[PDB]
$ cat coords-v6.tsv   # TSV, N, CA and C atoms
chain	number	residue	atom	x	y	z
X	1	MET	N	58.10	-183.14	-3.96
X	1	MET	CA	56.65	-183.03	-3.88
X	1	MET	C	56.23	-181.94	-2.89
X	2	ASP	N	55.85	-180.79	-3.42
X	2	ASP	CA	55.43	-179.67	-2.59
X	2	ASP	C	54.87	-178.53	-3.44
X	3	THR	N	53.60	-178.66	-3.82
X	3	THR	CA	52.94	-177.65	-4.64
X	3	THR	C	53.61	-177.54	-6.01
X	4	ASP	N	52.99	-176.77	-6.90
X	4	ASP	CA	53.52	-176.57	-8.24
X	4	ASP	C	53.40	-175.11	-8.67
X	5	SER	N	53.39	-174.22	-7.68
X	5	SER	CA	53.28	-172.79	-7.95
X	5	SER	C	51.97	-172.47	-8.67
X	6	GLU	N	50.99	-171.98	-7.91
X	6	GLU	CA	49.69	-171.63	-8.47
X	6	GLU	C	49.61	-170.14	-8.79
X	7	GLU	N	50.77	-169.54	-9.05
X	7	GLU	CA	50.83	-168.12	-9.37
X	7	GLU	C	50.83	-167.90	-10.88
X	8	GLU	N	51.38	-168.87	-11.61
X	8	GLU	CA	51.44	-168.78	-13.07
X	8	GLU	C	50.03	-168.77	-13.67
X	9	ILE	N	49.05	-169.16	-12.87
X	9	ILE	CA	47.66	-169.20	-13.32
X	9	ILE	C	47.02	-167.82	-13.22
X	10	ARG	N	47.34	-167.10	-12.15
X	10	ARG	CA	46.79	-165.77	-11.93
X	10	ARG	C	47.00	-164.89	-13.16
X	11	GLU	N	48.19	-164.98	-13.76
X	11	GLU	CA	48.51	-164.20	-14.94
X	11	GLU	C	47.93	-164.84	-16.20
X	12	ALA	N	47.70	-166.14	-16.13
X	12	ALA	CA	47.15	-166.88	-17.27
X	12	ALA	C	45.72	-166.42	-17.57
X	13	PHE	N	44.95	-166.18	-16.52
X	13	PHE	CA	43.57	-165.74	-16.68
X	13	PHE	C	43.49	-164.22	-16.83
X	14	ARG	N	44.55	-163.54	-16.42
X	14	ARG	CA	44.61	-162.09	-16.51
X	14	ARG	C	45.08	-161.65	-17.89
X	15	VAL	N	45.99	-162.42	-18.47
X	15	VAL	CA	46.52	-162.11	-19.79
X	15	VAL	C	45.56	-162.54	-20.89
X	16	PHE	N	44.73	-163.53	-20.58
X	16	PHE	CA	43.75	-164.04	-21.54
X	16	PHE	C	42.65	-163.02	-21.79
X	17	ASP	N	42.26	-162.32	-20.73
X	17	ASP	CA	41.21	-161.31	-20.84
X	17	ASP	C	41.80	-159.94	-21.18
X	18	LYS	N	41.25	-159.31	-22.21
X	18	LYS	CA	41.72	-158.00	-22.65
X	18	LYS	C	40.58	-156.99	-22.68
X	19	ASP	N	39.42	-157.44	-23.17
X	19	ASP	CA	38.25	-156.58	-23.25
X	19	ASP	C	37.33	-156.79	-22.05
X	20	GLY	N	37.92	-157.16	-20.92
X	20	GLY	CA	37.14	-157.39	-19.72
X	20	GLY	C	37.72	-156.69	-18.51
X	21	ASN	N	37.62	-157.33	-17.35
X	21	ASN	CA	38.14	-156.76	-16.11
X	21	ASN	C	38.23	-157.82	-15.02
X	22	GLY	N	38.93	-158.91	-15.32
X	22	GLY	CA	39.08	-159.98	-14.35
X	22	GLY	C	37.98	-161.02	-14.46
X	23	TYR	N	37.43	-161.17	-15.66
X	23	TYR	CA	36.36	-162.14	-15.90
X	23	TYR	C	36.39	-162.64	-17.34
X	24	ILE	N	36.51	-163.95	-17.50
X	24	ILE	CA	36.55	-164.55	-18.83
X	24	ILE	C	35.26	-165.31	-19.12
X	25	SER	N	35.12	-165.78	-20.35
X	25	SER	CA	33.93	-166.52	-20.76
X	25	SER	C	34.16	-168.02	-20.64
X	26	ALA	N	33.08	-168.79	-20.74
X	26	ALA	CA	33.17	-170.25	-20.64
X	26	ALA	C	34.29	-170.79	-21.52
X	27	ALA	N	34.38	-170.28	-22.75
X	27	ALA	CA	35.40	-170.71	-23.68
X	27	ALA	C	36.78	-170.70	-23.04
X	28	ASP	N	37.22	-169.52	-22.61
X	28	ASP	CA	38.52	-169.37	-21.97
X	28	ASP	C	38.64	-170.28	-20.76
X	29	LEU	N	37.51	-170.56	-20.11
X	29	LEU	CA	37.49	-171.42	-18.94
X	29	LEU	C	37.80	-172.87	-19.32
X	30	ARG	N	36.99	-173.43	-20.21
X	30	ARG	CA	37.18	-174.80	-20.65
X	30	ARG	C	38.59	-175.00	-21.20
X	31	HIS	N	39.16	-173.94	-21.75
X	31	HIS	CA	40.51	-173.99	-22.31
X	31	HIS	C	41.55	-174.13	-21.20
X	32	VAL	N	41.62	-173.13	-20.33
X	32	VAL	CA	42.58	-173.14	-19.23
X	32	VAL	C	42.45	-174.41	-18.41
X	33	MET	N	41.21	-174.83	-18.16
X	33	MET	CA	40.96	-176.04	-17.38
X	33	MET	C	41.46	-177.28	-18.12
X	34	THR	N	40.95	-177.49	-19.33
X	34	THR	CA	41.35	-178.64	-20.13
X	34	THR	C	42.85	-178.63	-20.40
X	35	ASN	N	43.46	-177.45	-20.28
X	35	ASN	CA	44.89	-177.31	-20.51
X	35	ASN	C	45.59	-176.76	-19.27
X	36	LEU	N	46.02	-177.66	-18.39
X	36	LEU	CA	46.70	-177.27	-17.17
X	36	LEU	C	47.11	-178.50	-16.35
X	37	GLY	N	46.12	-179.33	-16.01
X	37	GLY	CA	46.39	-180.53	-15.24
X	37	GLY	C	46.04	-181.79	-16.00
X	38	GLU	N	46.91	-182.18	-16.93
X	38	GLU	CA	46.68	-183.38	-17.73
X	38	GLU	C	45.42	-183.24	-18.58
X	39	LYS	N	45.20	-184.21	-19.45
X	39	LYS	CA	44.03	-184.20	-20.33
X	39	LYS	C	42.81	-184.77	-19.61
X	40	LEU	N	41.74	-183.98	-19.57
X	40	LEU	CA	40.50	-184.40	-18.92
X	40	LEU	C	39.42	-184.72	-19.94
X	41	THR	N	38.31	-185.28	-19.47
X	41	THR	CA	37.20	-185.62	-20.35
X	41	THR	C	36.16	-184.51	-20.39
X	42	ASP	N	35.54	-184.33	-21.55
X	42	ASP	CA	34.52	-183.30	-21.72
X	42	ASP	C	33.43	-183.43	-20.67
X	43	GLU	N	33.21	-184.66	-20.20
X	43	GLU	CA	32.19	-184.92	-19.18
X	43	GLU	C	32.66	-184.44	-17.81
X	44	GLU	N	33.88	-184.81	-17.44
X	44	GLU	CA	34.43	-184.42	-16.15
X	44	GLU	C	34.49	-182.90	-16.02
X	45	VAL	N	34.94	-182.24	-17.08
X	45	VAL	CA	35.04	-180.78	-17.08
X	45	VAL	C	33.66	-180.14	-16.95
X	46	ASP	N	32.66	-180.76	-17.57
X	46	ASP	CA	31.30	-180.25	-17.52
X	46	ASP	C	30.86	-179.99	-16.08
X	47	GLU	N	31.26	-180.88	-15.18
X	47	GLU	CA	30.92	-180.75	-13.77
X	47	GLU	C	31.81	-179.73	-13.08
X	48	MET	N	33.02	-179.56	-13.60
X	48	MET	CA	33.98	-178.61	-13.04
X	48	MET	C	33.47	-177.18	-13.19
X	49	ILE	N	32.98	-176.86	-14.38
X	49	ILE	CA	32.46	-175.52	-14.65
X	49	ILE	C	31.16	-175.27	-13.91
X	50	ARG	N	30.41	-176.34	-13.66
X	50	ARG	CA	29.14	-176.24	-12.95
X	50	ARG	C	29.32	-175.57	-11.59
X	51	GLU	N	30.46	-175.84	-10.96
X	51	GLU	CA	30.76	-175.27	-9.65
X	51	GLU	C	31.47	-173.92	-9.80
X	52	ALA	N	32.54	-173.90	-10.59
X	52	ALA	CA	33.30	-172.68	-10.81
X	52	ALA	C	32.59	-171.77	-11.80
X	53	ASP	N	31.37	-171.36	-11.47
X	53	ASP	CA	30.59	-170.49	-12.34
X	53	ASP	C	29.29	-170.08	-11.66
X	54	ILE	N	29.33	-169.93	-10.34
X	54	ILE	CA	28.15	-169.55	-9.57
X	54	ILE	C	26.98	-170.48	-9.86
X	55	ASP	N	27.17	-171.76	-9.55
X	55	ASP	CA	26.12	-172.75	-9.77
X	55	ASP	C	25.60	-172.69	-11.20
X	56	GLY	N	26.24	-173.43	-12.10
X	56	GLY	CA	25.83	-173.43	-13.49
X	56	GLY	C	26.95	-173.02	-14.43
X	57	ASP	N	26.63	-172.15	-15.38
X	57	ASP	CA	27.61	-171.68	-16.34
X	57	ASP	C	27.40	-170.20	-16.65
X	58	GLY	N	28.42	-169.57	-17.25
X	58	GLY	CA	28.32	-168.17	-17.59
X	58	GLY	C	29.64	-167.44	-17.41
X	59	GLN	N	29.67	-166.48	-16.50
X	59	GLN	CA	30.88	-165.70	-16.24
X	59	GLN	C	31.55	-166.15	-14.95
X	60	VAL	N	32.82	-166.54	-15.04
X	60	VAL	CA	33.58	-166.99	-13.88
X	60	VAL	C	34.38	-165.85	-13.27
X	61	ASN	N	34.48	-165.84	-11.95
X	61	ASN	CA	35.22	-164.80	-11.24
X	61	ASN	C	36.70	-165.14	-11.17
X	62	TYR	N	37.54	-164.18	-11.53
X	62	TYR	CA	38.99	-164.38	-11.52
X	62	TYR	C	39.48	-164.69	-10.11
X	63	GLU	N	39.05	-163.88	-9.15
X	63	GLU	CA	39.45	-164.07	-7.76
X	63	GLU	C	39.09	-165.47	-7.27
X	64	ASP	N	37.83	-165.85	-7.44
X	64	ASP	CA	37.36	-167.17	-7.03
X	64	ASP	C	38.26	-168.26	-7.59
X	65	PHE	N	38.40	-168.28	-8.92
X	65	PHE	CA	39.22	-169.28	-9.58
X	65	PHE	C	40.62	-169.34	-8.97
X	66	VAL	N	41.08	-168.20	-8.46
X	66	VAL	CA	42.39	-168.12	-7.84
X	66	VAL	C	42.36	-168.63	-6.40
X	67	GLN	N	41.24	-168.40	-5.72
X	67	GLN	CA	41.08	-168.85	-4.34
X	67	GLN	C	41.22	-170.36	-4.24
X	68	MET	N	40.52	-171.08	-5.12
X	68	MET	CA	40.57	-172.53	-5.12
X	68	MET	C	41.95	-173.03	-5.52
X	69	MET	N	42.62	-172.27	-6.38
X	69	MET	CA	43.96	-172.64	-6.84
X	69	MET	C	44.95	-172.63	-5.69
X	70	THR	N	44.70	-171.79	-4.70
X	70	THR	CA	45.58	-171.69	-3.53
X	70	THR	C	45.47	-172.93	-2.66
X	71	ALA	N	44.24	-173.36	-2.40
X	71	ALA	CA	44.01	-174.54	-1.58
X	71	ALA	C	42.86	-175.38	-2.14
X	72	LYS	N	43.19	-176.59	-2.59
X	72	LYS	CA	42.19	-177.49	-3.15
X	72	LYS	C	42.43	-178.93	-2.69
$ encode --input "coords-v6.tsv" --output "structure tokens"
Amino acid sequence: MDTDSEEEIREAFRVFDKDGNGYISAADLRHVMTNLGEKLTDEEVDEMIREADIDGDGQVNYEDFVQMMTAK
């Protein structure tokens, strides 16, 4: 028991985006989120994106998403 390597995620959000520059859409967000740490509920995730999206929803920052991944 000692972390699970939060580096595989950095490339996960970087490889997912091709026509961007370190920023994905809600779709890619709900996907990576719903698919990473066990199966979550559409309701629980709804609140997750509310924070990881500059209060609300829209475009999420790659760096930010990575910052929380380091320490949560």
$ closest_residue --input "coords-v6.tsv" --among "X:43, X:23, X:14, X:35" --to "residue X:59" --atoms "all atoms listed in the file"
X:23
$ atom_distance --input "coords-v6.tsv" --atom1 "atom CA of residue X:70" --atom2 "atom CA of residue X:37"
14.7 Å
$ closest_residue --input "coords-v6.tsv" --among "X:49, X:20, X:66, X:38" --to "residue X:6" --atoms "all atoms listed in the file"
X:66
$ residues_around --input "coords-v6.tsv" --residues "residue X:63" --least-positions-apart "5" --cutoff "8 Å" --atoms "all atoms listed in the file" --output "NGL selection string"
:X and (22-23 or 68-69)
$ write_last_selection --input "coords-v6.tsv" --atoms "N, CA and C atoms" --output "PDB file, keeping the file's coordinate frame"
ATOM      1  N   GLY X  22      38.930-158.910 -15.320  1.00  0.00           N
ATOM      2  CA  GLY X  22      39.080-159.980 -14.350  1.00  0.00           C
ATOM      3  C   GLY X  22      37.980-161.020 -14.460  1.00  0.00           C
ATOM      4  N   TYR X  23      37.430-161.170 -15.660  1.00  0.00           N
ATOM      5  CA  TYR X  23      36.360-162.140 -15.900  1.00  0.00           C
ATOM      6  C   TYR X  23      36.390-162.640 -17.340  1.00  0.00           C
ATOM      7  N   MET X  68      40.520-171.080  -5.120  1.00  0.00           N
ATOM      8  CA  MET X  68      40.570-172.530  -5.120  1.00  0.00           C
ATOM      9  C   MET X  68      41.950-173.030  -5.520  1.00  0.00           C
ATOM     10  N   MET X  69      42.620-172.270  -6.380  1.00  0.00           N
ATOM     11  CA  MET X  69      43.960-172.640  -6.840  1.00  0.00           C
ATOM     12  C   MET X  69      44.950-172.630  -5.690  1.00  0.00           C
TER      13      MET X  69
END
$ atom_distance --input "coords-v6.tsv" --atom1 "atom CA of residue X:10" --atom2 "atom CA of residue X:65"
8.7 Å
$ atom_distance --input "coords-v6.tsv" --atom1 "atom CA of residue X:33" --atom2 "atom CA of residue X:21"
19.5 Å
$ residues_around --input "coords-v6.tsv" --residues "residue X:12" --least-positions-apart "5" --cutoff "8 Å" --atoms "all atoms listed in the file" --output "ChimeraX atom specification"
/X:7,17,32
$ closest_residue --input "coords-v6.tsv" --among "X:11, X:18, X:60, X:3" --to "residue X:30" --atoms "only C-alpha atoms"
X:60
$ decode --input "coords-v6.tsv" --residues "stretch 24-70 of chain X" --atoms "N, CA and C atoms" --output "PDB file, in the first residue's frame"
ATOM      1  N   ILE X  24      -9.245  18.818 -22.703  1.00  0.00           N
ATOM      2  CA  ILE X  24     -10.258  17.941 -23.275  1.00  0.00           C
ATOM      3  C   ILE X  24     -11.663  18.445 -22.961  1.00  0.00           C
ATOM      4  N   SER X  25     -12.662  17.806 -23.560  1.00  0.00           N
ATOM      5  CA  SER X  25     -14.053  18.190 -23.347  1.00  0.00           C
ATOM      6  C   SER X  25     -14.687  17.348 -22.245  1.00  0.00           C
ATOM      7  N   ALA X  26     -15.866  17.765 -21.793  1.00  0.00           N
ATOM      8  CA  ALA X  26     -16.578  17.049 -20.743  1.00  0.00           C
ATOM      9  C   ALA X  26     -16.631  15.553 -21.037  1.00  0.00           C
ATOM     10  N   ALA X  27     -16.923  15.211 -22.288  1.00  0.00           N
ATOM     11  CA  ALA X  27     -17.004  13.815 -22.698  1.00  0.00           C
ATOM     12  C   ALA X  27     -15.772  13.037 -22.246  1.00  0.00           C
ATOM     13  N   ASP X  28     -14.606  13.450 -22.729  1.00  0.00           N
ATOM     14  CA  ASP X  28     -13.355  12.792 -22.373  1.00  0.00           C
ATOM     15  C   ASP X  28     -13.161  12.774 -20.860  1.00  0.00           C
ATOM     16  N   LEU X  29     -13.701  13.785 -20.187  1.00  0.00           N
ATOM     17  CA  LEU X  29     -13.588  13.887 -18.737  1.00  0.00           C
ATOM     18  C   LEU X  29     -14.400  12.793 -18.049  1.00  0.00           C
ATOM     19  N   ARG X  30     -15.702  12.775 -18.315  1.00  0.00           N
ATOM     20  CA  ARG X  30     -16.588  11.780 -17.723  1.00  0.00           C
ATOM     21  C   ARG X  30     -16.088  10.367 -18.009  1.00  0.00           C
ATOM     22  N   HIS X  31     -15.402  10.205 -19.136  1.00  0.00           N
ATOM     23  CA  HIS X  31     -14.869   8.904 -19.525  1.00  0.00           C
ATOM     24  C   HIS X  31     -13.701   8.505 -18.629  1.00  0.00           C
ATOM     25  N   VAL X  32     -12.637   9.301 -18.663  1.00  0.00           N
ATOM     26  CA  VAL X  32     -11.454   9.030 -17.853  1.00  0.00           C
ATOM     27  C   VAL X  32     -11.821   8.868 -16.382  1.00  0.00           C
ATOM     28  N   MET X  33     -12.718   9.723 -15.904  1.00  0.00           N
ATOM     29  CA  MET X  33     -13.156   9.673 -14.514  1.00  0.00           C
ATOM     30  C   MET X  33     -13.916   8.381 -14.229  1.00  0.00           C
ATOM     31  N   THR X  34     -14.996   8.160 -14.972  1.00  0.00           N
ATOM     32  CA  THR X  34     -15.810   6.963 -14.798  1.00  0.00           C
ATOM     33  C   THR X  34     -14.987   5.700 -15.023  1.00  0.00           C
ATOM     34  N   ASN X  35     -13.870   5.845 -15.729  1.00  0.00           N
ATOM     35  CA  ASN X  35     -12.994   4.714 -16.014  1.00  0.00           C
ATOM     36  C   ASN X  35     -11.590   4.965 -15.472  1.00  0.00           C
ATOM     37  N   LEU X  36     -11.366   4.575 -14.222  1.00  0.00           N
ATOM     38  CA  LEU X  36     -10.065   4.757 -13.586  1.00  0.00           C
ATOM     39  C   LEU X  36     -10.073   4.206 -12.164  1.00  0.00           C
ATOM     40  N   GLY X  37     -10.991   4.712 -11.344  1.00  0.00           N
ATOM     41  CA  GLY X  37     -11.088   4.258  -9.969  1.00  0.00           C
ATOM     42  C   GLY X  37     -12.421   3.602  -9.669  1.00  0.00           C
ATOM     43  N   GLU X  38     -12.577   2.356 -10.106  1.00  0.00           N
ATOM     44  CA  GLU X  38     -13.816   1.618  -9.881  1.00  0.00           C
ATOM     45  C   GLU X  38     -14.987   2.292 -10.590  1.00  0.00           C
ATOM     46  N   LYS X  39     -16.137   1.628 -10.581  1.00  0.00           N
ATOM     47  CA  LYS X  39     -17.334   2.161 -11.221  1.00  0.00           C
ATOM     48  C   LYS X  39     -18.057   3.136 -10.298  1.00  0.00           C
ATOM     49  N   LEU X  40     -18.279   4.351 -10.786  1.00  0.00           N
ATOM     50  CA  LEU X  40     -18.963   5.376 -10.005  1.00  0.00           C
ATOM     51  C   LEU X  40     -20.370   5.621 -10.539  1.00  0.00           C
ATOM     52  N   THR X  41     -21.148   6.411  -9.805  1.00  0.00           N
ATOM     53  CA  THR X  41     -22.513   6.725 -10.206  1.00  0.00           C
ATOM     54  C   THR X  41     -22.572   8.039 -10.975  1.00  0.00           C
ATOM     55  N   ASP X  42     -23.475   8.111 -11.947  1.00  0.00           N
ATOM     56  CA  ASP X  42     -23.634   9.313 -12.756  1.00  0.00           C
ATOM     57  C   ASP X  42     -23.855  10.537 -11.874  1.00  0.00           C
ATOM     58  N   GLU X  43     -24.436  10.316 -10.699  1.00  0.00           N
ATOM     59  CA  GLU X  43     -24.706  11.402  -9.763  1.00  0.00           C
ATOM     60  C   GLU X  43     -23.422  11.861  -9.077  1.00  0.00           C
ATOM     61  N   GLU X  44     -22.656  10.902  -8.567  1.00  0.00           N
ATOM     62  CA  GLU X  44     -21.403  11.208  -7.885  1.00  0.00           C
ATOM     63  C   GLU X  44     -20.445  11.950  -8.813  1.00  0.00           C
ATOM     64  N   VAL X  45     -20.336  11.470 -10.048  1.00  0.00           N
ATOM     65  CA  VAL X  45     -19.456  12.087 -11.032  1.00  0.00           C
ATOM     66  C   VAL X  45     -19.903  13.508 -11.355  1.00  0.00           C
ATOM     67  N   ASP X  46     -21.215  13.719 -11.380  1.00  0.00           N
ATOM     68  CA  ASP X  46     -21.774  15.034 -11.674  1.00  0.00           C
ATOM     69  C   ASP X  46     -21.152  16.100 -10.779  1.00  0.00           C
ATOM     70  N   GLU X  47     -20.926  15.749  -9.516  1.00  0.00           N
ATOM     71  CA  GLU X  47     -20.338  16.679  -8.560  1.00  0.00           C
ATOM     72  C   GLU X  47     -18.826  16.772  -8.750  1.00  0.00           C
ATOM     73  N   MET X  48     -18.233  15.697  -9.260  1.00  0.00           N
ATOM     74  CA  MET X  48     -16.794  15.657  -9.492  1.00  0.00           C
ATOM     75  C   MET X  48     -16.388  16.662 -10.566  1.00  0.00           C
ATOM     76  N   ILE X  49     -17.147  16.696 -11.655  1.00  0.00           N
ATOM     77  CA  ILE X  49     -16.867  17.612 -12.754  1.00  0.00           C
ATOM     78  C   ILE X  49     -17.171  19.053 -12.360  1.00  0.00           C
ATOM     79  N   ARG X  50     -18.120  19.222 -11.445  1.00  0.00           N
ATOM     80  CA  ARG X  50     -18.506  20.549 -10.981  1.00  0.00           C
ATOM     81  C   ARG X  50     -17.300  21.303 -10.425  1.00  0.00           C
ATOM     82  N   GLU X  51     -16.390  20.568  -9.792  1.00  0.00           N
ATOM     83  CA  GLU X  51     -15.193  21.167  -9.215  1.00  0.00           C
ATOM     84  C   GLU X  51     -14.057  21.205 -10.234  1.00  0.00           C
ATOM     85  N   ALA X  52     -13.778  20.058 -10.843  1.00  0.00           N
ATOM     86  CA  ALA X  52     -12.717  19.960 -11.838  1.00  0.00           C
ATOM     87  C   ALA X  52     -13.173  20.516 -13.182  1.00  0.00           C
ATOM     88  N   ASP X  53     -13.554  21.788 -13.193  1.00  0.00           N
ATOM     89  CA  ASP X  53     -14.012  22.440 -14.415  1.00  0.00           C
ATOM     90  C   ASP X  53     -14.259  23.926 -14.179  1.00  0.00           C
ATOM     91  N   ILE X  54     -13.460  24.521 -13.299  1.00  0.00           N
ATOM     92  CA  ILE X  54     -13.593  25.939 -12.983  1.00  0.00           C
ATOM     93  C   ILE X  54     -15.017  26.274 -12.550  1.00  0.00           C
ATOM     94  N   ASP X  55     -15.461  25.651 -11.464  1.00  0.00           N
ATOM     95  CA  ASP X  55     -16.803  25.884 -10.944  1.00  0.00           C
ATOM     96  C   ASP X  55     -17.849  25.712 -12.040  1.00  0.00           C
ATOM     97  N   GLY X  56     -18.321  24.481 -12.212  1.00  0.00           N
ATOM     98  CA  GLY X  56     -19.319  24.204 -13.229  1.00  0.00           C
ATOM     99  C   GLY X  56     -18.867  23.143 -14.212  1.00  0.00           C
ATOM    100  N   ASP X  57     -19.074  23.403 -15.498  1.00  0.00           N
ATOM    101  CA  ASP X  57     -18.685  22.461 -16.542  1.00  0.00           C
ATOM    102  C   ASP X  57     -18.148  23.198 -17.764  1.00  0.00           C
ATOM    103  N   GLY X  58     -17.458  22.466 -18.634  1.00  0.00           N
ATOM    104  CA  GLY X  58     -16.901  23.066 -19.833  1.00  0.00           C
ATOM    105  C   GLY X  58     -15.559  22.471 -20.210  1.00  0.00           C
ATOM    106  N   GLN X  59     -14.519  23.297 -20.182  1.00  0.00           N
ATOM    107  CA  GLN X  59     -13.176  22.846 -20.527  1.00  0.00           C
ATOM    108  C   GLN X  59     -12.324  22.665 -19.274  1.00  0.00           C
ATOM    109  N   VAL X  60     -11.778  21.465 -19.104  1.00  0.00           N
ATOM    110  CA  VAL X  60     -10.942  21.162 -17.948  1.00  0.00           C
ATOM    111  C   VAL X  60      -9.465  21.348 -18.275  1.00  0.00           C
ATOM    112  N   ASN X  61      -8.707  21.841 -17.301  1.00  0.00           N
ATOM    113  CA  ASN X  61      -7.277  22.067 -17.485  1.00  0.00           C
ATOM    114  C   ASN X  61      -6.486  20.789 -17.221  1.00  0.00           C
ATOM    115  N   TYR X  62      -5.597  20.450 -18.147  1.00  0.00           N
ATOM    116  CA  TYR X  62      -4.778  19.251 -18.016  1.00  0.00           C
ATOM    117  C   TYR X  62      -3.900  19.323 -16.771  1.00  0.00           C
ATOM    118  N   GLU X  63      -3.212  20.449 -16.604  1.00  0.00           N
ATOM    119  CA  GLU X  63      -2.337  20.645 -15.454  1.00  0.00           C
ATOM    120  C   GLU X  63      -3.102  20.450 -14.148  1.00  0.00           C
ATOM    121  N   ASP X  64      -4.210  21.169 -14.004  1.00  0.00           N
ATOM    122  CA  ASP X  64      -5.032  21.075 -12.804  1.00  0.00           C
ATOM    123  C   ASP X  64      -5.377  19.622 -12.494  1.00  0.00           C
ATOM    124  N   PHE X  65      -5.991  18.945 -13.459  1.00  0.00           N
ATOM    125  CA  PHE X  65      -6.377  17.550 -13.289  1.00  0.00           C
ATOM    126  C   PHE X  65      -5.193  16.713 -12.810  1.00  0.00           C
ATOM    127  N   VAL X  66      -3.991  17.120 -13.205  1.00  0.00           N
ATOM    128  CA  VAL X  66      -2.778  16.409 -12.818  1.00  0.00           C
ATOM    129  C   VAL X  66      -2.340  16.798 -11.410  1.00  0.00           C
ATOM    130  N   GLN X  67      -2.572  18.056 -11.051  1.00  0.00           N
ATOM    131  CA  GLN X  67      -2.200  18.555  -9.732  1.00  0.00           C
ATOM    132  C   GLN X  67      -2.910  17.769  -8.633  1.00  0.00           C
ATOM    133  N   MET X  68      -4.218  17.589  -8.792  1.00  0.00           N
ATOM    134  CA  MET X  68      -5.011  16.855  -7.813  1.00  0.00           C
ATOM    135  C   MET X  68      -4.619  15.381  -7.790  1.00  0.00           C
ATOM    136  N   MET X  69      -4.209  14.865  -8.944  1.00  0.00           N
ATOM    137  CA  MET X  69      -3.804  13.468  -9.055  1.00  0.00           C
ATOM    138  C   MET X  69      -2.562  13.193  -8.214  1.00  0.00           C
ATOM    139  N   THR X  70      -1.727  14.214  -8.049  1.00  0.00           N
ATOM    140  CA  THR X  70      -0.503  14.083  -7.269  1.00  0.00           C
ATOM    141  C   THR X  70      -0.810  13.940  -5.783  1.00  0.00           C
TER     142      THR X  70
END
